[PDB]
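Chains as they are written, first to last, in UniProt numbering: chain P, 21 to 119; chain Z, 25 to 199, 206 to 218, 223 to 271, 283 to 297; chain L, 33 to 41.
Cβ atoms here follow ideal geometry from the backbone N, Cα and C, with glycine treated the same way.
Below: one structure, written as structure tokens.
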Amino acid sequence: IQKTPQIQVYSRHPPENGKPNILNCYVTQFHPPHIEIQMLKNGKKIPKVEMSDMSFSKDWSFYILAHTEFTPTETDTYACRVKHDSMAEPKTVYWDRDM
Amino acid sequence: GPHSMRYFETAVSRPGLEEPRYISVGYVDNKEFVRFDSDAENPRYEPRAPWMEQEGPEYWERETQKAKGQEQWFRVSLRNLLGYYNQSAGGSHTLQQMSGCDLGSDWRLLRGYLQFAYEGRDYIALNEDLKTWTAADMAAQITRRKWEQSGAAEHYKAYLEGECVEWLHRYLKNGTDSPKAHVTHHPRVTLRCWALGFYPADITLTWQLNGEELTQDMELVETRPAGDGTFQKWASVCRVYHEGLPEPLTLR
Amino acid sequence: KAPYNXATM
Numbered sequence: 021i022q023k024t025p026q027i028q029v030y031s032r033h034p035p036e037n038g039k040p041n042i043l044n045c046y047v048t049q050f051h052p053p054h055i056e057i058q059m060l061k062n063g064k065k066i067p068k069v070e071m072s073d074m075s076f077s078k079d080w081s082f083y084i085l086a087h088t089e090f091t092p093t094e095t096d097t098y099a100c101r102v103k104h105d106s107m108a109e110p111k112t113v114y115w116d117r118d119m
Numbered sequence: 025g026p027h028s029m030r031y032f033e034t035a036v037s038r039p040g041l042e043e044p045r046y047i048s049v050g051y052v053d054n055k056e057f058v059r060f061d062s063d064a065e066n067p068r069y070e071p072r073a074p075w076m077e078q079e080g081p082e083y084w085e086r087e088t089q090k091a092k093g094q095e096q097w098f099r100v101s102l103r104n105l106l107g108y109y110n111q112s113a114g115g116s117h118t119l120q121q122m123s124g125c126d127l128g129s130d131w132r133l134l135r136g137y138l139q140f141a142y143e144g145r146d147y148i149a150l151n152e153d154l155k156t157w158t159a160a161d162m163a164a165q166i167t168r169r170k171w172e173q174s175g176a177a178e179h180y181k182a183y184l185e186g187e188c189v190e191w192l193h194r195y196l197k198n199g206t207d208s209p210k211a212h213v214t215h216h217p218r223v224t225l226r227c228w229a230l231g232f233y234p235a236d237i238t239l240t241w242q243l244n245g246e247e248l249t250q251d252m253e254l255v256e257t258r259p260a261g262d263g264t265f266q267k268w269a270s271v283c284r285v286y287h288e289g290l291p292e293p294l295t296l297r
Numbered sequence: 033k034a035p036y037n038x039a040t041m
């Protein structure tokens with residue numbers, strides 16, 4: 021059976037403008053493992069995105085962690101775009117400094 | 025305290041290539057410390073940990089030779105399983121294996137694990153006794169009859185009770207952050227309790243202003259990694286319980 | 033140390 025990914029984007033620290041940080045894109049609960057992940061910065065993809073090795077959870081579904089260091093600014097938006105078989109088109113999730 | 029070791033092996037056949045891709049990842053105390061990937065420069069077992077780099081050259085040669093063995097083992101079974109389920113060419117399939125030892129404070133084994141899964145679903149598993157097998161599909165009956173007639177359990181039991189618990193001890197003799211919490215006040223009002231920068235992922239949040247725990251609504255997210263060896267978690271609707290905490294936190 | 037399976041499936 022195939023499982024659509026669960027994507028969630030979040031910061032390491034609570035974002036304050038002027039401070040380094042890590043932007044995270046956590047993709048979980050998917051199957052089969054073949055998946056494409058890209059992090060966006062105002063629609064432009066972020067190069068040099070260190071991404072976790074892939075392991076799988078106790079329910080056998082796969083998860084993978086996408087993260088990059090960054091310094092957030094209050095006008096710019098960051099997003100994560102994910103490509104999987106179980107989805108028609110790629111799904112994009114925007115980071116919000118809220119919750 | 026309590027410790028553990030695990031090996032998550034994965035093999036995926038894809039329509040388009042002849043040999044399936046095989047990955048093996050090792051974990052000491054739920055932290056990755058070594059990996060193998062048949063898609064690499066030329067595949068081998070590389071360290072993924074700071075404290076693992078001091079292993080002898082003979083160590084990586086035996087481990088890489090074993091991974092070549094598992095690779096083939098996964099290539100044959102993957103072909104065997106197409107027949108057990110009357111599948112034909114054209115699809116993608118996954119065989120997964122999870123093995124490891126949980127040992128306790130006395131440094132003796134508590135429970136070993138040996139479990140397989142096909143197409144993400146359970147296939148066959150060594151029980152807690154290490155002697156019998158649990159199989160759910162009728163296709164896995166052929167396998168259980170084969171393995172229990174060829175003494176597989178006793179071999180796996182020898183690894184779990186022997187090599188596993190011995191080497192995990194040697195790994196640990198070569199090498206605990208508590209969470210800082212905040213609460214988000216934003217009215218829509224819903225309250226959110228954040229727990230950040232803790233290790234290990236053992237965390238537990240709760241909402242009781244009236245002294246009673248809450249599960250009506252009370253939206254939670256499961257612990258997720260930060261970009262470094264820590265983890266975070268928040269809860270919606283605040284005592285925070287952690288193994289590093291001498292007393293659970295209180296914030297409102 | 034990684035395991036090492038005996039009989040195939």
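Coil, strand or helix - residue i by DSSP
i: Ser-48 (chain Z); result: strand
i: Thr-257 (chain Z); result: coil
i: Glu-185 (chain Z); result: helix
i: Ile-237 (chain Z); result: strand
i: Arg-101 (chain P); result: strand
i: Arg-168 (chain Z); result: helix
i: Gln-173 (chain Z); result: helix
i: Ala-163 (chain Z); result: helix
i: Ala-35 (chain Z); result: strand
i: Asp-63 (chain Z); result: coil
i: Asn-41 (chain P); result: strand
i: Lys-23 (chain P); result: strand
i: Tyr-36 (chain L); result: coil
i: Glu-77 (chain Z); result: coil
For residue i, the residue or residues it bridges with in DSSP
i: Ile-84 (chain P); result: P:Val-47
i: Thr-158 (chain Z); result: Z:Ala-149
i: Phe-140 (chain Z); result: Z:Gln-121, Z:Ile-148
i: residue 220 (chain Z); result: A gap in chain Z, from 218 straight to 223, means residue 220 (chain Z) has no coordinates in the model shown.
i: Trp-268 (chain Z); result: Z:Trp-228
i: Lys-78 (chain P); result: Note: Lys-78 (chain P) sits in no beta bridge, so no partner.
i: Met-71 (chain P); result: P:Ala-86
i: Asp-251 (chain Z); result: The partner list for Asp-251 (chain Z) (beta bridge, DSSP) is empty, contrary to what the question assumes.
i: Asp-126 (chain Z); result: Z:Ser-28, Z:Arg-135
i: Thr-295 (chain Z); result: Z:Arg-284
i: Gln-28 (chain P); result: P:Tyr-46
i: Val-58 (chain Z); result: Z:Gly-50, Z:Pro-71
Euclidean distance between Cα positions of residue i and residue j
i: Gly-231 (chain Z); j: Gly-289 (chain Z); result: 12 Å
i: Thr-97 (chain P); j: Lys-55 (chain Z); result: 32 Å
i: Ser-72 (chain P); j: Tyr-51 (chain Z); result: 14 Å
i: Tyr-69 (chain Z); j: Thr-214 (chain Z); result: 44 Å
i: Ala-113 (chain Z); j: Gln-26 (chain P); result: 29 Å
i: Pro-74 (chain Z); j: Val-189 (chain Z); result: 21 Å
i: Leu-85 (chain P); j: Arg-72 (chain Z); result: 15 Å
i: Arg-284 (chain Z); j: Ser-208 (chain Z); result: 14 Å
i: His-54 (chain P); j: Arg-86 (chain Z); result: 29 Å
i: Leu-106 (chain Z); j: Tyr-195 (chain Z); result: 38 Å
i: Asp-118 (chain P); j: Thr-224 (chain Z); result: 12 Å
i: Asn-104 (chain Z); j: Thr-167 (chain Z); result: 10 Å
i: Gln-96 (chain Z); j: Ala-260 (chain Z); result: 36 Å
i: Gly-80 (chain Z); j: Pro-217 (chain Z); result: 58 Å
i: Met-107 (chain P); j: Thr-24 (chain P); result: 7 Å
i: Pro-110 (chain P); j: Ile-21 (chain P); result: 20 Å
i: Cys-100 (chain P); j: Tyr-46 (chain P); result: 9 Å
Unbroken beta strand (DSSP E) run spanning residue i, endpoints
i: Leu-106 (chain Z); result: Careful: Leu-106 (chain Z) lies outside any beta strand (DSSP E), inside the alpha helix (DSSP H) at 81-108.
i: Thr-214 (chain Z); result: 210-214
i: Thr-112 (chain P); result: 111-114
i: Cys-227 (chain Z); result: 226-232
i: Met-59 (chain P); result: 56-61
Extent of the continuous alpha helix (DSSP H) to which residue i belongs
i: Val-189 (chain Z); result: 189-196
i: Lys-181 (chain Z); result: 176-182
i: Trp-241 (chain Z); result: No alpha helix (DSSP H) contains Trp-241 (chain Z), which DSSP labels as neither H nor E.
i: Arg-72 (chain Z); result: Run containing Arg-72 (chain Z): none; DSSP gives neither H nor E here.
Nearest-angstrom beta carbon gap, residue j and residue i [assumed within contact, 8 Å]
i: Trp-80 (chain P); j: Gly-124 (chain Z); result: Between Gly-124 (chain Z) and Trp-80 (chain P) the Cβ distance is about 15 Å, and since that is not below 8 Å, they are no contact.
i: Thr-34 (chain Z); j: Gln-120 (chain Z); result: 5 Å
i: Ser-37 (chain Z); j: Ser-101 (chain Z); result: No, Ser-37 (chain Z) and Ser-101 (chain Z) are not in contact; Cβ-Cβ is about 11 Å, not under 8 Å.
i: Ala-39 (chain L); j: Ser-48 (chain Z); result: Not really, about 19 Å apart at Cβ, beyond 8 Å.
i: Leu-254 (chain Z); j: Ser-270 (chain Z); result: 7 Å
i: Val-58 (chain Z); j: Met-29 (chain Z); result: Going by Cβ atoms, the distance from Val-58 (chain Z) to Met-29 (chain Z) rounds to 11 Å, so no, they are not a contact pair.
i: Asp-126 (chain Z); j: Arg-135 (chain Z); result: 5 Å
i: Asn-44 (chain P); j: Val-29 (chain P); result: 7 Å
i: residue 155 (chain P); j: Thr-48 (chain P); result: Lying before the first or after the last residue shown, residue 155 (chain P) is absent from chain P, which here runs from 21 to 119.
i: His-193 (chain Z); j: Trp-131 (chain Z); result: 6 Å
i: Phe-32 (chain Z); j: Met-122 (chain Z); result: 6 Å
i: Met-59 (chain P); j: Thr-91 (chain P); result: Actually they do not touch by this definition, with Cβ atoms about 15 Å apart.
CB contact below 7 Å: residue i versus chain B
i: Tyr-31 (chain Z); result: In the displayed structure, chain B is absent; the protein chains listed are P, Z and L.
Cβ-heavy atom distance, residue i to the ligand MG, below 6 Å
i: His-193 (chain Z); result: Looking for the ligand MG in the displayed structure turns up nothing, as the structure carries no ligands at all.
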